[PDB]
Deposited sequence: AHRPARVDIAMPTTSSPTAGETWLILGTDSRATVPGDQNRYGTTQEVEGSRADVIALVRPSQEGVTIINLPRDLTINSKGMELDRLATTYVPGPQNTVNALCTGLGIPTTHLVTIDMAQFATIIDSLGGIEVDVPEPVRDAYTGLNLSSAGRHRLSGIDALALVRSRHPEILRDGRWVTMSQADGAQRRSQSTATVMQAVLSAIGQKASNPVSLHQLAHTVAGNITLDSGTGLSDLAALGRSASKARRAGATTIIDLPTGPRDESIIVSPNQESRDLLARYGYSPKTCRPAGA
């Protein structure tokens, strides 16, 4: 029976030619966006741009908010903020909560993520006792991406690191998770019996905007499969300046160019 939850979103408008189909995937935590990624299907392949949650942008005409904070008054604010601040005109919207993320990952049979060293987090409940390939469950993967204050073993002691250190490990963990998700998706796309229940469960553990079709989601998956086989599937983190070299983490020239390549510019994007 599984049907996706629906949200009415007024999609932004653009004058840009290069900005084609752009999906906004939001990992949800009065709510905060823990994960913000833009999935770009094209004729070259598929590119995923992971937008750091702590990144501050121009949310509404002459006002600044962090990406994670834009989700609080609703997805409409995040969709609008990305447009006025980064120039990304959202074509489709996917929203996944904590329980939805853990269900989806456990429906994939978990994800294989390399752990460089034993990590723990009292807040998220993360405890990885050894380094190597780990096959993380839904709850483990969620604890890894949510890891606010990761404790690590230094000089025989559990030690916390800087806020920038933790945000860097988060973008890195989300990047690994995103790749592990993509890899597990294709590995489950080989078997026929799997897909039927898998595609059914995914639909029931997702929130979509009113204008995006369950069939539009199938086309994304179809263009992603074609891009996995062609070796044209790429995941990139938005190149922001040294995180511990400024109080506020703002988009730099590197970030603007990388976004300009894919046809995103604030000057050419308009909400409502």
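Peer 1: Numbering from 1, run down the deposited sequence and write out every stretch that has no C-alpha in the structure.
Peer 2: No coordinates exist for the deposited residues in 30 to 48, 292 to 293, so these stretches are absent from the model.
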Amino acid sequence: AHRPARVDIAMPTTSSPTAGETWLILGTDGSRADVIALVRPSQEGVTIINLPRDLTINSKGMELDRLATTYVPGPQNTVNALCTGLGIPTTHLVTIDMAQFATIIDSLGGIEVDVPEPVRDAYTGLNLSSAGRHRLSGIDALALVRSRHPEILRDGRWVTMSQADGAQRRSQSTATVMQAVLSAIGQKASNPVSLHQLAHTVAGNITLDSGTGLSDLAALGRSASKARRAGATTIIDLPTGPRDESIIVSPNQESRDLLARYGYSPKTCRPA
From here on, numbers count along this sequence of modelled residues.
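Peer 1: Do the CA atoms of 57 to 65 or those of 44 to 52 have the higher mean B-factor in the entry?
Peer 2: Taking the mean B-factor of the alpha carbons in each, 57 to 65 is higher.
Peer 1: According to the deposited model, is the average Cα temperature factor higher in 185 to 193 or in 103 to 111?
Peer 2: Between 185 to 193 and 103 to 111, it is 185 to 193.
Peer 1: Using the entry's values, work out which of 162, 137, 129, 95 has the largest Cα B factor.
Peer 2: Going by the entry's C-alpha B-factors, 162 comes out highest.
Peer 1: Would you please rank residue 171 by its C-alpha temperature factor against the other modelled residues of its chain and give the third it falls in: lowest, middle or highest?
Peer 2: Highest third.
Peer 1: Which third, lowest, middle or highest, does the CA B-factor of residue 231 fall in along this chain?
Peer 2: It falls in the middle third of the chain.
Peer 1: According to the PDB entry, is the CA B factor of residue 24 in the bottom, middle or top third of its chain, that is, lowest, middle or highest?
Peer 2: Its C-alpha B-factor, which the entry lists for residue 24, ranks in the lowest third among residues of this chain.
Peer 1: Quick one: classify residue 154 as lowest, middle or highest third of the chain based on its Cα B-factor.
Peer 2: CA B-factor rank for residue 154: middle third.
Peer 1: What third of the chain does residue 216 rank in for C-alpha temperature factor, lowest, middle or highest?
Peer 2: Answer is middle: the recorded C-alpha B-factor places it there.
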